[PDB]
Number of protein chains: 2
Amino acid sequence: XXXXXXXXXXXXXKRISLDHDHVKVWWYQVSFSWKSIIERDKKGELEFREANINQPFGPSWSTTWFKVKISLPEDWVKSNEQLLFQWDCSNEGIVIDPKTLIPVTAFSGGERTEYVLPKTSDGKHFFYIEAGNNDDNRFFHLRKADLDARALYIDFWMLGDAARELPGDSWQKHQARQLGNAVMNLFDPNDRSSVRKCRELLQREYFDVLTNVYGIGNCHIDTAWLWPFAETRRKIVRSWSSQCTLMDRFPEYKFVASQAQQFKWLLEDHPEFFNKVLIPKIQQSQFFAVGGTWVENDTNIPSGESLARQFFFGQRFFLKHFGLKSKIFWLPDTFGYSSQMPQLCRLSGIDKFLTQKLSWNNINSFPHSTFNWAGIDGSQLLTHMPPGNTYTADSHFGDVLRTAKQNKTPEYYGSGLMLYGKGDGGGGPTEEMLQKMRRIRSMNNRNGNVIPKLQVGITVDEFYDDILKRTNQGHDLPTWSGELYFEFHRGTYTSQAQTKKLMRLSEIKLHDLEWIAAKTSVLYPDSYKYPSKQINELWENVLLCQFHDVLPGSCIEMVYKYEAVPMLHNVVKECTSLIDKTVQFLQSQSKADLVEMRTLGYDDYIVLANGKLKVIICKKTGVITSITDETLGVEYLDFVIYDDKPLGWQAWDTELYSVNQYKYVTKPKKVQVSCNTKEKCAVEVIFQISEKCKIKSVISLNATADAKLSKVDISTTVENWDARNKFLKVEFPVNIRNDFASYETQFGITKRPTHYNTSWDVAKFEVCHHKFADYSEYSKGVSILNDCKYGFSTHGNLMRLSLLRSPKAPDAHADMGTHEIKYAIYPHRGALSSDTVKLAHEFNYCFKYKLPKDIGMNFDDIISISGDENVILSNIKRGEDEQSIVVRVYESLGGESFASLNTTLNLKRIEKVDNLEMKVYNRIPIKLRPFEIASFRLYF
Amino acid sequence: XXXXXXXXXXXXXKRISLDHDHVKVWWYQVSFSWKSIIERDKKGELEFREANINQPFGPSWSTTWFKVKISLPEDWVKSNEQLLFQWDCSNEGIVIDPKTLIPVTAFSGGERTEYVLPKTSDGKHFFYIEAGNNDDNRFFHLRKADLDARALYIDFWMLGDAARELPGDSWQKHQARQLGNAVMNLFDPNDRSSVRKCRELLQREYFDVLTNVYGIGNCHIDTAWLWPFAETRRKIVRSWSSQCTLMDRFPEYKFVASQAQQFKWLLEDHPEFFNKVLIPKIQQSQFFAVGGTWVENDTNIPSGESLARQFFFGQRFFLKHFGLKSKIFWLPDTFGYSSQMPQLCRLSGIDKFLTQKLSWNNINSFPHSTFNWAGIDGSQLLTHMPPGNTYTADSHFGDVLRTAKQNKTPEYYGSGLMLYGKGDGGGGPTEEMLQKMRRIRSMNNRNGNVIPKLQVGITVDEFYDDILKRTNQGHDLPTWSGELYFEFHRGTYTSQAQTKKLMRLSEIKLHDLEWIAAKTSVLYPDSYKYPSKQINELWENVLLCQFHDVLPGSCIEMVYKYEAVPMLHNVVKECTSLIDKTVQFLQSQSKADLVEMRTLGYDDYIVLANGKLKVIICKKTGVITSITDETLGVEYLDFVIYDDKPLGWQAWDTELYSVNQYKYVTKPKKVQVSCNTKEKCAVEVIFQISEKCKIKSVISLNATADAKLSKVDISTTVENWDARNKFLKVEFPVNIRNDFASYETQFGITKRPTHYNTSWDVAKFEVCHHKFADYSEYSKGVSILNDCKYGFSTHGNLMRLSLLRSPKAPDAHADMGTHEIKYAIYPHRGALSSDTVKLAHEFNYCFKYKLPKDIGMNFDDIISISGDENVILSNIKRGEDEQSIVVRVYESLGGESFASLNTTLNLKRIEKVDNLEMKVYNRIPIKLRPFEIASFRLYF
């Protein structure tokens, strides 16, 4: 059918010319800054040397600079020709043509790329290019030219490619075939006069339901990944330069940036001439900042304060010369989404959101891609969702009509959605031939509006103007309550808990000193008292490791050591330095000060004797048998049984072997008890397994009301040895029947069933959590507190916490070494149903005691008339510039009770203020809605 | 490709002979019993007259008898020929060849059918056949014959039909084509010698992974449907006779019967010779009784007592000569299934269940058709599920390989499942050519076991022996918690509430006198005291209208009048007669007796002033604005707003018009108040709509602690007029956020979300309920009590009760006429969370007061030491034969608390006994499991 005759023939087979200049070429390498090397160039004879040939290398962390001094050949003849220099793209680097140094040019784009030499100025210039190693040898040759001949070659390549994508039943496929025919006729027998003429004839063969197809070129950059931050800091400057050279070459282009800190990275590295580059670039057009967010992160693990700073400290750039923005919120690589996001968005002045994964196309009780998200708070979020092709559809895309068809099926709207650029790497490239892409697509389809029109230059702001018109304001709409569920690729989330232990301890610790440091305002006045400039710098370093890829611990071994480096550590070390600092001139009013933040036995007979409860491990079995309440009457049989099953997948996802029996840790145990006291009781029982390894958990608790508490504390200490690729968990089967699982999400409590959605794919079902998870019919249940482990699962009502994971990924630090784990099991009652939530989250508190000399009185309870047990205040902090402070509260128990808010203060005034710390004229609500975040601001 | 050459040719086109006997033929009709007409035949000249021709008719409820006296033609020649008489099947009737009357023969089979004349006895006999009218004229002609020639014609017809079903890619399709070729060769030119010879040649062309394909011929009969009970009582005797004549013709055949009462219907109508027919039939083989159930019904609407009697009173036949049974439970036409069924099955000694609808094939978190059902009680149920082809796959099936392929995909097992016979009609037919069906399918596939073997004679009992072997005992298995959800065809469930009002009032009323009538045992001894024989006859009539098709009210107009007839009415009338009877010699110990069963204002300012709560309707709007708790703090905005939307579908399913605006009942209302008192407060507000109709609801409640109660009572009285095809509902939006909806199912409380499963198809989502439905985060919520309406819906947390429905089905009584409706709205609190459930269900109680002369003392509280608020005792009754009584309890609140059971009695003993009232040796449990039915028995 002549299918392989037209397609594979001409696609393979003045005009393009290749000249070679061997001399004047220099090479440089550092085996030990662009401004530092410019002074080391002209002076004497340094490591800069003549290359003139291909330079091989070997694996190193070193970077290799390269210098090419080119003299323009002849005068007029080769000037009209297009000047070009081809380079082989290495792992990283930069390219410059500095005098002395004005420019910064793009590198990080794909292995194929073009560098244009200015035809405006006739003379000799210089070139500075470095190549990051990880080895990749560069192929460098000068390439002259024509533009019209190469255009036809590209247009034909995108022609026949579009012929294959078009339906064979349509006449267009037979048309495009005949179009690929006539072109091949004059193209074959090597004729320049025919090629240029045939290009004109092809255009004549080209030009002879309201819908729209658009796209926005973007670069998604991970600040920490298998390449480090310092190296990727050089990678982000390559993303800006590719646009700058594209602007003069092509107009109407659109770029978006998920990092507000990206601006600062460029302003710190290139403060001089590139601060004045951004202003005409951003203000006029062609640039948009999405979300104005300081960090792109997973929202499940951290608190709302992490989401509070990124909005506020990312809005700080708006105070500088900046501020052309968009209403879209972009978290493409983020796994999972919080249920408080619809509430956080509207308050942050951002009305749109984008989600890559976590969706399906079918009747789900859900129509399509485009979606209006209604959280459990009751608020609504209009969000724009890309199809199942994700962001890799338009990434490095020359295929034209290929994914255009697959985009139309999931989406209805009046139009589709395309995201240009790659989100996997040091940063995404932006192709320079996109100008022809938009043009050649306007060659196939006619102009005027009848058939869908092709415009790549439209902005999402105008796109959101279209959705406000076509579709109704709505009452009954696409509706999904809570979060979304698809293949999560949880992976490292529960793996390498040691980086969580450091972070989660640093999380609370940095969240510790915040508010109380504003309570010393009255004591010693200067600015009064608050580490405004001091704590601002603190949040700068912490948010850097909190990114979506970095925080769970999925990365190479090099940057993983930078996670356990002072980056995480010194934060705790500086905060523990400040907490011992501010105390000196403060606590001096305290003789003996207990510092805590709030606002108002037997062996053979196997018993630990007390009133509250009883939990018993059988003899020689090693497994807890009876957990039973006398007053309640609930008896348990199948507790705390540790289970170890291997893992055969990589760091990304988790895939267990087919029907693999999980090895129990039960063995010929021995019995022991740590101490002897009414205050302290710890009974020790040893567990062992094949390839002997010591797995230790501890038992701690306070009796009743001599010790006082309602909850046990069980901490696990395990030093891993030998066998890798294993996944360890501890089971807490409730032996109870409930279709609902109580779990506390970020700023609230979400309601999720015991069984996953019927559309679920992956066998293994695990859920990420903050602190505790419960099962409650409201008259009773079982509550499980935990530390350093964010994961858990619903087994058919068997509570299983994930202690450790060891992926087969190329990381050797995820396998062996000691670990300190902690968790708990708590008895549940209807009266204690609101108590278990209160005794869970903030239990991470660490007791600390210190005393100065005595002059004063140390008892002051300064909080004013609120007293709501159903509400919990997560964050209260100051401002930037005044020093007005903000107060943010959220209701713990919601969905049933309507919390009356009497919260107020004295000696000053108060007004309700959103999460962006921006002034809002409703006033303080006397009653809080269920599952509502209440944030306020305080002024003198 | 010669596809239509072989298939449509020979399929259309001594041997078959047609003779006509005009004389000796008689006809009979009753325009005004088989035993009554036999005495009216030979005597004188009655309405029995000579027919000899085709007799036309007209629509009537009459039945037309027919008599054919046939003399055997010649002697030997036409004796060897197969004697047959063809009849045109009418709506109903019976066929007999009585001397004087021995036989009863089958009729109700399809319009085509065969009646064989005995070749054993040479002589003259008689024929008695009646035809039910609803007119259908009968075509009657005597047909002689051969058996070998007709066999080839059938075998060839099932051959070419199997050729089309077989894949064209396989050689079998090309083979069967060539098989259809050679046969057509000798068949075409009218040769008897060739046909008989070619039949032998075809058999030679026939005969030349472990799996099994089986089936069981069955007849599903609805006792009340578009044809009445008295008429279908004649229809059930036609189902038995078709088997009896089939037994001698073909062996190994299997029949099953979902009705245990079906035996009694035959024993009452034919007590003499047909009581001795069943014993060799059932005992040896070929017959199985499924479930031993008295009735086949919807389990959602009635109580457990209805499910208790059907097992017990259906097990009464086992006491007679009976009792070859099966472990399968069959409810094919039943819409929806209870969650207590896994618990009820194991106790009833029945380990298997069958479900037609309510399933899907995909990964649902569910593998396949075959399923092990785990209820919310924790118990497991192994159930056998037919594919998506339901029971109509093998119904009237000559198509052979057709549905054989579609059966294999949903099911894995080692084998598939097929159900022969039709479940829609007066009763299902069983074809007589099934003998050849099993044989011809053994002609295509070889014998011995390699390929799947075809046996239609295997019993499900042996089938359950295979499932115990191949598959594992299991831990992780197919798992679905609670009920199942697919297209329900709710329909008449909420339509025609008047038949529910009569039944639901009769439900409780018949459930009333049961236990307390055993409490008078000591008073006047004879047998002591209990209506053992009296209340047994009561349950006989009531269960008759409780069937799955009859109870919801989906039926013709004729039997619908039989629903409102004394059948439902006299039950209440006889029970209200007995309650005024037994009182006379009982209550005489009571001077003044209050009889109840248990065991221990303003207008312009628009307010009804009291302490407990406040509910306000705005002026002129007609809609309730603020329902607010002061102590709790929950304020409501959007209550009790009646909504009317039309309906464009039939009685079966419910389909609303595409985006049709539901008309509000708001209008220029006027304000009024019924009475004036602290005891009685009713404020009246009128509603009206287009084509004016008076829609009235009432307001009743008791204040606090002069009136005392925690709950309002709102009863609706509406007389329908004019416009039909409408669906009326009243909305109670909570204005709250909950992912869970609290609802009390039969014997317990099931947990269902606010959103339907993602695999749901139909837009409109409505749920059937018993009494109340709630939404609880356990600290608060909203409780809705209702009467006579079993339906409700979850709108995104808007409570909507269905008042009335008017389908477009051919029933004129579902449209107009008055209706009395009642419901309620209740305030919810954590402490009252167990109270709302207690104040909901049994509120249907009706106050009654009567007094006799005074001698005695009327206060005795006889219950002994239980006192569990979380448990509720639904039923306690006596036995059959002694007169030992049984006690059945079930826990209301479960899934959280483990209820300690101290329940016991005095002066006698007690033992745990299952739902079948059969003696069980665990003893009385001291603690009850969550969601567990506890049934016991009491002996002297």
# chains A, B, ... in the order shown; residues from 1 in each chain; ligands from 1

$ interface_residues --of "chain A" --to "chain B" --cutoff "7 Å" --atoms "only C-alpha atoms" --output "compact mmCIF listing (two decimals) with N, CA and C atoms, in the first residue's frame"
# COMPACT_ATOMS: atom_id res chain seq x y z
N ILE A 363 -17.04 6.64 34.33
CA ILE A 363 -18.02 7.25 35.21
C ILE A 363 -17.72 6.74 36.62
N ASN A 364 -17.12 7.64 37.40
CA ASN A 364 -16.66 7.37 38.75
C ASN A 364 -17.61 7.90 39.81
N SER A 365 -18.76 8.40 39.37
CA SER A 365 -19.45 9.51 40.02
C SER A 365 -18.52 10.71 39.87
N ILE A 376 -13.68 18.74 52.34
CA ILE A 376 -14.54 18.31 53.43
C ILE A 376 -14.91 19.51 54.31
N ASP A 377 -14.25 20.63 54.07
CA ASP A 377 -14.53 21.87 54.78
C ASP A 377 -15.80 22.53 54.25
N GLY A 378 -16.19 22.16 53.04
CA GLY A 378 -17.38 22.71 52.42
C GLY A 378 -17.07 23.72 51.33
N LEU A 632 -15.82 -1.20 79.86
CA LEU A 632 -16.33 -1.22 78.50
C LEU A 632 -16.79 -2.62 78.08
N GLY A 633 -15.94 -3.62 78.34
CA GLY A 633 -16.29 -5.00 78.06
C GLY A 633 -15.75 -5.55 76.76
N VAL A 634 -14.84 -4.82 76.12
CA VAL A 634 -14.25 -5.27 74.86
C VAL A 634 -12.98 -6.08 75.07
N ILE A 736 -12.48 -6.17 65.45
CA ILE A 736 -13.71 -5.39 65.52
C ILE A 736 -14.21 -5.13 64.10
N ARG A 737 -15.49 -4.78 63.98
CA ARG A 737 -16.09 -4.57 62.67
C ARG A 737 -16.52 -3.12 62.46
N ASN A 738 -15.80 -2.43 61.58
CA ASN A 738 -16.09 -1.04 61.25
C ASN A 738 -15.83 -0.75 59.78
N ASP A 739 -16.74 -0.01 59.15
CA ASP A 739 -16.61 0.33 57.74
C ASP A 739 -15.91 1.68 57.58
N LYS A 751 -12.34 11.64 56.80
CA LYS A 751 -13.09 10.40 57.00
C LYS A 751 -12.88 9.44 55.84
N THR A 758 -13.40 1.00 44.71
CA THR A 758 -13.53 -0.16 43.83
C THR A 758 -12.74 0.00 42.53
N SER A 759 -12.25 1.21 42.28
CA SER A 759 -11.46 1.48 41.08
C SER A 759 -9.97 1.33 41.34
N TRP A 760 -9.62 0.91 42.55
CA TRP A 760 -8.22 0.76 42.95
C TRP A 760 -7.52 -0.36 42.17
N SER A 776 -13.57 4.04 65.05
CA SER A 776 -14.56 4.41 66.05
C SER A 776 -16.01 4.32 65.57
N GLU A 777 -16.81 3.56 66.31
CA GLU A 777 -18.26 3.55 66.15
C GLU A 777 -18.85 4.56 67.13
N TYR A 778 -17.94 5.31 67.75
CA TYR A 778 -18.16 6.42 68.70
C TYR A 778 -18.43 5.95 70.12
N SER A 779 -18.80 4.68 70.31
CA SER A 779 -18.94 4.17 71.67
C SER A 779 -17.64 3.55 72.18
N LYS A 780 -16.72 3.27 71.25
CA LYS A 780 -15.48 2.57 71.58
C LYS A 780 -14.53 2.55 70.39
N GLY A 781 -13.39 1.87 70.56
CA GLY A 781 -12.45 1.69 69.47
C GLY A 781 -11.02 1.46 69.92
N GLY A 895 -17.57 18.18 61.56
CA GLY A 895 -18.48 17.35 60.80
C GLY A 895 -19.75 17.07 61.58
N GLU A 896 -19.71 17.36 62.88
CA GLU A 896 -20.86 17.16 63.75
C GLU A 896 -21.19 18.43 64.54
N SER A 897 -20.25 18.88 65.37
CA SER A 897 -20.46 20.03 66.24
C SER A 897 -20.08 21.34 65.56
N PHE A 898 -20.83 22.39 65.86
CA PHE A 898 -20.48 23.73 65.40
C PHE A 898 -19.82 24.48 66.55
N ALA A 899 -18.52 24.71 66.42
CA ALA A 899 -17.74 25.28 67.52
C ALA A 899 -17.98 26.78 67.66
N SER A 900 -18.41 27.19 68.84
CA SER A 900 -18.58 28.61 69.15
C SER A 900 -17.23 29.21 69.53

$ residues_around --residues "residue 825 of chain A" --least-positions-apart "2" --cutoff "9 Å" --atoms "only C-alpha atoms" --output "VMD selection string"
chain A and resid 640 711 to 714 732 782 to 786 823 827

$ write_last_selection --atoms "C-alpha atoms" --output "CSV table (one decimal), in the first residue's frame"
chain,number,residue,atom,x,y,z
A,640,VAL,CA,1.7,-5.8,68.6
A,711,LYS,CA,-1.8,6.2,77.1
A,712,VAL,CA,1.0,3.6,76.7
A,713,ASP,CA,4.3,4.4,75.0
A,714,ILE,CA,6.1,1.8,72.9
A,732,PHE,CA,-2.4,-4.2,65.8
A,782,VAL,CA,-8.7,1.6,69.3
A,783,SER,CA,-6.3,4.5,69.0
A,784,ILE,CA,-2.7,4.2,67.7
A,785,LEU,CA,-0.1,6.9,68.3
A,786,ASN,CA,3.2,6.8,66.5
A,823,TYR,CA,4.6,4.5,68.7
A,827,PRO,CA,-7.9,2.6,74.7

$ select_by_dssp --residues "segment 824-896 of chain A" --states "strand (DSSP E)" --output "short mmCIF file (atom, residue, chain, number, x, y, z; two decimals) with N, CA and C atoms, in the first residue's frame"
data_model
loop_
_atom_site.label_atom_id
_atom_site.label_comp_id
_atom_site.auth_asym_id
_atom_site.auth_seq_id
_atom_site.Cartn_x
_atom_site.Cartn_y
_atom_site.Cartn_z
N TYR A 826 -3.69 2.98 72.34
CA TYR A 826 -4.53 3.67 73.31
C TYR A 826 -5.96 3.12 73.34
N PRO A 827 -6.53 2.98 74.55
CA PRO A 827 -7.92 2.56 74.74
C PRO A 827 -8.91 3.66 74.40
N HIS A 828 -10.03 3.31 73.77
CA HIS A 828 -10.97 4.33 73.30
C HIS A 828 -12.34 4.21 73.95
N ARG A 829 -12.92 5.36 74.28
CA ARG A 829 -14.28 5.43 74.82
C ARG A 829 -14.99 6.64 74.23
N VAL A 871 -11.21 22.67 69.33
CA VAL A 871 -10.35 23.44 68.45
C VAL A 871 -8.90 23.32 68.91
N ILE A 872 -7.97 23.45 67.97
CA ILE A 872 -6.55 23.40 68.29
C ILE A 872 -5.79 24.45 67.49
N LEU A 873 -4.99 25.25 68.17
CA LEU A 873 -4.24 26.32 67.52
C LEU A 873 -2.86 25.82 67.13
N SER A 874 -2.63 25.67 65.83
CA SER A 874 -1.37 25.15 65.33
C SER A 874 -0.28 26.21 65.26
N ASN A 875 -0.64 27.40 64.77
CA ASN A 875 0.36 28.43 64.54
C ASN A 875 -0.07 29.86 64.87
N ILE A 876 0.80 30.55 65.61
CA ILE A 876 0.69 31.98 65.84
C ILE A 876 2.08 32.62 65.70
N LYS A 877 2.23 33.54 64.76
CA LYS A 877 3.53 34.14 64.51
C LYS A 877 3.44 35.63 64.18
N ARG A 878 4.60 36.25 63.97
CA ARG A 878 4.65 37.68 63.66
C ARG A 878 4.63 37.93 62.16
N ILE A 885 1.48 40.60 64.81
CA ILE A 885 1.54 39.14 64.86
C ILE A 885 0.21 38.53 64.44
N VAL A 886 0.26 37.32 63.89
CA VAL A 886 -0.94 36.65 63.39
C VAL A 886 -1.28 35.41 64.22
N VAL A 887 -2.56 35.08 64.27
CA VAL A 887 -3.03 33.92 65.04
C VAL A 887 -3.90 33.01 64.18
N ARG A 888 -3.44 31.78 63.96
CA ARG A 888 -4.19 30.83 63.13
C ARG A 888 -4.65 29.61 63.92
N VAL A 889 -5.96 29.37 63.90
CA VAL A 889 -6.56 28.25 64.63
C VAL A 889 -7.34 27.34 63.68
N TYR A 890 -7.50 26.07 64.05
CA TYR A 890 -8.32 25.15 63.27
C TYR A 890 -9.03 24.15 64.18
N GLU A 891 -10.25 23.78 63.81
CA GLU A 891 -11.07 22.89 64.63
C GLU A 891 -10.69 21.43 64.45
#

$ residues_around --residues "residue 166 of chain A" --least-positions-apart "4" --cutoff "12 Å" --atoms "only C-alpha atoms" --output "ChimeraX atom specification"
/A:159-162,170-177,399-405,444

$ write_last_selection --atoms "N, CA and C atoms" --output "PDB file, in the first residue's frame"
ATOM      1  N   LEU A 159       5.548  16.553   8.546  1.00  0.00           N
ATOM      2  CA  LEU A 159       4.430  16.278   7.650  1.00  0.00           C
ATOM      3  C   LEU A 159       4.096  14.791   7.642  1.00  0.00           C
ATOM      4  N   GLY A 160       5.046  13.984   7.179  1.00  0.00           N
ATOM      5  CA  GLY A 160       4.877  12.543   7.123  1.00  0.00           C
ATOM      6  C   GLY A 160       4.599  11.922   8.478  1.00  0.00           C
ATOM      7  N   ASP A 161       5.106  12.555   9.532  1.00  0.00           N
ATOM      8  CA  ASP A 161       4.847  12.102  10.892  1.00  0.00           C
ATOM      9  C   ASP A 161       3.387  12.342  11.261  1.00  0.00           C
ATOM     10  N   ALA A 162       2.827  13.433  10.749  1.00  0.00           N
ATOM     11  CA  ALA A 162       1.427  13.760  10.984  1.00  0.00           C
ATOM     12  C   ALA A 162       0.520  12.894  10.119  1.00  0.00           C
ATOM     13  N   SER A 170      -9.720   8.532   6.805  1.00  0.00           N
ATOM     14  CA  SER A 170      -9.912   9.902   6.346  1.00  0.00           C
ATOM     15  C   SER A 170      -9.109  10.170   5.078  1.00  0.00           C
ATOM     16  N   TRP A 171      -9.577  11.122   4.277  1.00  0.00           N
ATOM     17  CA  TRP A 171      -8.895  11.479   3.038  1.00  0.00           C
ATOM     18  C   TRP A 171      -7.623  12.270   3.326  1.00  0.00           C
ATOM     19  N   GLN A 172      -7.526  12.798   4.543  1.00  0.00           N
ATOM     20  CA  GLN A 172      -6.370  13.584   4.959  1.00  0.00           C
ATOM     21  C   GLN A 172      -5.096  12.745   4.961  1.00  0.00           C
ATOM     22  N   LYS A 173      -5.228  11.479   5.345  1.00  0.00           N
ATOM     23  CA  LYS A 173      -4.095  10.561   5.363  1.00  0.00           C
ATOM     24  C   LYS A 173      -3.618  10.290   3.941  1.00  0.00           C
ATOM     25  N   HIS A 174      -4.569  10.097   3.032  1.00  0.00           N
ATOM     26  CA  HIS A 174      -4.249   9.889   1.625  1.00  0.00           C
ATOM     27  C   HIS A 174      -3.754  11.187   0.998  1.00  0.00           C
ATOM     28  N   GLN A 175      -4.235  12.310   1.521  1.00  0.00           N
ATOM     29  CA  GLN A 175      -3.795  13.620   1.059  1.00  0.00           C
ATOM     30  C   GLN A 175      -2.349  13.873   1.463  1.00  0.00           C
ATOM     31  N   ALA A 176      -2.065  13.705   2.752  1.00  0.00           N
ATOM     32  CA  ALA A 176      -0.727  13.928   3.288  1.00  0.00           C
ATOM     33  C   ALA A 176       0.293  12.983   2.660  1.00  0.00           C
ATOM     34  N   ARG A 177      -0.170  11.808   2.245  1.00  0.00           N
ATOM     35  CA  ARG A 177       0.682  10.862   1.537  1.00  0.00           C
ATOM     36  C   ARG A 177       1.089  11.440   0.188  1.00  0.00           C
ATOM     37  N   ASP A 399       6.017  15.600  17.480  1.00  0.00           N
ATOM     38  CA  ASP A 399       5.120  14.613  16.883  1.00  0.00           C
ATOM     39  C   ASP A 399       3.778  15.187  16.428  1.00  0.00           C
ATOM     40  N   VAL A 400       3.541  16.464  16.729  1.00  0.00           N
ATOM     41  CA  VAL A 400       2.345  17.180  16.272  1.00  0.00           C
ATOM     42  C   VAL A 400       1.040  16.470  16.671  1.00  0.00           C
ATOM     43  N   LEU A 401       0.301  15.984  15.679  1.00  0.00           N
ATOM     44  CA  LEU A 401      -1.048  15.456  15.881  1.00  0.00           C
ATOM     45  C   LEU A 401      -1.123  14.192  16.744  1.00  0.00           C
ATOM     46  N   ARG A 402       0.032  13.642  17.111  1.00  0.00           N
ATOM     47  CA  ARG A 402       0.104  12.394  17.875  1.00  0.00           C
ATOM     48  C   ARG A 402      -0.769  12.375  19.133  1.00  0.00           C
ATOM     49  N   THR A 403      -0.420  13.199  20.117  1.00  0.00           N
ATOM     50  CA  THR A 403      -1.125  13.189  21.396  1.00  0.00           C
ATOM     51  C   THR A 403      -2.316  14.142  21.400  1.00  0.00           C
ATOM     52  N   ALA A 404      -2.566  14.779  20.261  1.00  0.00           N
ATOM     53  CA  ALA A 404      -3.683  15.709  20.133  1.00  0.00           C
ATOM     54  C   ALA A 404      -5.020  14.983  20.240  1.00  0.00           C
ATOM     55  N   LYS A 405      -5.054  13.741  19.767  1.00  0.00           N
ATOM     56  CA  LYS A 405      -6.271  12.938  19.803  1.00  0.00           C
ATOM     57  C   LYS A 405      -6.522  12.363  21.193  1.00  0.00           C
ATOM     58  N   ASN A 444      -1.436  23.117   8.174  1.00  0.00           N
ATOM     59  CA  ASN A 444      -2.343  21.992   7.975  1.00  0.00           C
ATOM     60  C   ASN A 444      -3.801  22.414   8.107  1.00  0.00           C
TER      61      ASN A 444
END

$ select_by_dssp --residues "segment 23-163 of chain B" --states "helix (DSSP H, G or I)" --output "list in words"
residues 34, 35, 36, 37, 147, 148, 149, 150, 151, 152, 153, 154, 155, 156, 157, 158, 159, 160, 161, 162 and 163 of chain B

$ residues_around --residues "segment 220-230 of chain A" --least-positions-apart "2" --cutoff "9 Å" --atoms "only C-alpha atoms" --output "ChimeraX atom specification"
/A:218,232-236,257-259,296,332-333,421-428,544-545,547-550,554-559,562

$ closest_residue --among "B:798, B:685, B:586, B:773" --to "residue 851 of chain B" --atoms "only C-alpha atoms"
B:586

$ residues_around --residues "segment 841-847 of chain B" --least-positions-apart "6" --cutoff "9 Å" --atoms "only C-alpha atoms" --output "ChimeraX atom specification"
/B:505,508,594-596,744,770-772,785-787

$ atom_distance --atom1 "atom CA of residue 340 of chain A" --atom2 "atom CA of residue 915 of chain A"
11.8 Å

$ atom_distance --atom1 "atom CA of residue 133 of chain A" --atom2 "atom CA of residue 256 of chain A"
28.9 Å

$ residues_around --residues "residue 92 of chain B" --least-positions-apart "2" --cutoff "8 Å" --atoms "only C-alpha atoms" --output "ChimeraX atom specification"
/B:89-90,94,107-108,130-133,231,234-235

$ closest_residue --among "A:164, A:192, A:500, A:620" --to "residue 687 of chain A" --atoms "only C-alpha atoms"
A:620

$ residues_around --residues "residue 150 of chain B" --least-positions-apart "5" --cutoff "9 Å" --atoms "only C-alpha atoms" --output "NGL selection string"
:B and (15-16 or 155)

$ closest_residue --among "A:597, A:647, A:454, A:324" --to "residue 848 of chain A" --atoms "only C-alpha atoms"
A:597

$ atom_distance --atom1 "atom CA of residue 85 of chain B" --atom2 "atom CA of residue 273 of chain B"
25.5 Å

$ closest_residue --among "A:807, A:498, A:217, A:180" --to "residue 199 of chain A" --atoms "only C-alpha atoms"
A:180
